[PDB]
Structures are given as C-alpha cells and as structure tokens.
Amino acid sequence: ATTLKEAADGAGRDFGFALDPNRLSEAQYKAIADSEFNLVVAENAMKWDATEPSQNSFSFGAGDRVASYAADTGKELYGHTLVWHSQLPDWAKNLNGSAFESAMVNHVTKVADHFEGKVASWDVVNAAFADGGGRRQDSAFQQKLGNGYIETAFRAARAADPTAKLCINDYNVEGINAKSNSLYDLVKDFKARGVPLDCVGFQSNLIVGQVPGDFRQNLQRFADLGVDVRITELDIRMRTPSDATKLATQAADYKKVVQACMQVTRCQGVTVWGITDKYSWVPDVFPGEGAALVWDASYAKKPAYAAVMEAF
C-alpha cells in the first residue's frame, strides 16, 4: 500500500496512535496523524486526573478534542482509561470505604456516559496485577476496596454504556509468566461468571531485543477464553544515541509484535504510543533511553516503518 493506514485497513486490523491534541497545530504531526492511522486514543486527555480534577467537577475539554478529531477524520476511538492507580487525583486517594467506592463508580459512570457512542472500546481497569503474580499491592483501589473493585468497575461501565467493548489492560503480560497467568485466571473467571469483559489489552512498552518469543501463544490462549485481544501501547526503546544496528533490530522487533497479532484471528490491532520520538514519554522516565517510535525527531521514517507495513 502507500500508508500504514491502508496496510492495516487491508488486513482488517486497527493501527492506532496516542494523540496529544496540542500537537495537531504542528503541520507535520497532523499530516502523519491524518494519513498513517485508522484509530486514535488520547495519550493523557481521558485519564482520571485530566477528567476529574476536583470531586464531581468534570473537565471534558481535552477529551472532547480528541473525540472530535476521531469523528472528523473517520478513525476509531479507543478510551483510556477509567480506573488506574497511577495519576489518581489527591482527593480520591484521601477517600476511604464506601465514599471511595462511590467516587469510583461515579467517575466510571460519568466519563463513560459522556463518551457513549463515541468511544468504541474502553480500558476499564489498567495495571491491576503485580509483577510476580497476584494483585498489585500499591494500588489505592486494591488497598481500599479489596479484590472486587475490578468487577464493580466493569459492571458500572457496562451500565453506563451498553455497547462499548470493555477491556482489562496490563503491561509485562506479553509472554507466559506469573503476571499473565494471574490475568488469565481473572479473565476466565469473569467469562464464567458472566462479568462484562470483552477484551484484553497488552501494553508492550518493550526494550529493543527483549521481545518475548511466546507472544503469539500467549495472545492465542486469551483469545480462546472468548475475548478479543489487542496491543494497546507499543514502543521499543533503546539506549541513545541510536545507530544502523539498533534501528535494524527495533525494526525486526516491531515486525515480530505486529506479526504475532496477525496470527491470532481475534487480535483487533496494534496501537503505537506516539508518532515521533520527538514527543516520546521515554526520555522523561528512562533517562538515557529513547528512540522508541516509528518516526524520528525530524519526522523521518525509521526502518521500523517498512517493517510494520510488511508485518500487515
């Protein structure tokens, strides 16, 4: 094809990106955003802190901008995220018992209700499991509400929006390990009990060369549970600077990940976390690392571009 949009389009898959609405005013960014993707998710606009800064005082400004961009260009809209322990506004953290549960339910209801009909799928709960299996210990949701907060959130989301696909999202669950084994048990139990859950999202903030060789097998075992699977946040960081060897590996890595999704009939698509390395979140949390995206800081197509196109 001519673009990754058409490559993905022809494969019947989604290929998305994390949008920062403030960047649509940089011509080069919009040009790429417009032509190379078929799905979009808000990078930060739809999180709890961005949407409910004070209790019951909602701010859908940035959220709507992203949603409007999707409808105006004809792209699918992915929602991220309703419940996530990180970046939980301070007012929520200081709540407890029923008052905390009430705030969670109200946040879920209101945010899902506002975007009803626009958002096709939602990341209802994000990062609930601990690396090493079991439930995340440092989550205010887990501490205050116990094991059942997840089922509560999913039931509230479905109550507010009857048609959006409800997904459970997590990172470091790409391969078969103790954390994905725990996730797998939650998904099996939910489907058995009739708890509304339609998909499983796999983050995938990988490092160049450390791509689990059993990605497919893992993606496929979830699919068999009766849910859709998707890669919700891809990037392959490296130690900078980069050279013709790091990029050539990373190019191979993108191809593996996209290729694993293609082999699982229920893998809806791949979503890359940004457009250009210029605005990547990596340098800020991983000092010394970066160059994780498909486009460099000068909007040049890195080798990974041709790899993703081939993978589709």
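One-based numbering along the sequence shown.
If you average the C-alpha B-factors over 9 to 17 and over 299 to 307, the higher value belongs to 299 to 307. Here 153 to 161 and 83 to 91 are compared by their mean Cα B-factor, and 83 to 91 comes out higher. In the deposited coordinates, the residue among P196, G74, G148, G133 with the greatest CA B-factor is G133. Residue-level inspection of the entry shows that, of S68, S57, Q268, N44, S57 has the top Cα B-factor.
When the CA B factors of the chain's modelled residues are split into thirds, the value for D123 lands in the lowest one.
Looking at the C-alpha B-factors along this chain, the one for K255 belongs to the middle third.
When all modelled residues of the chain are sorted by CA temperature factor, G61 is found within the middle third. Looking at the C-alpha B-factors along this chain, the one for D224 belongs to the highest third.
In the PDB entry, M238 places in the highest third of its chain by CA B-factor.
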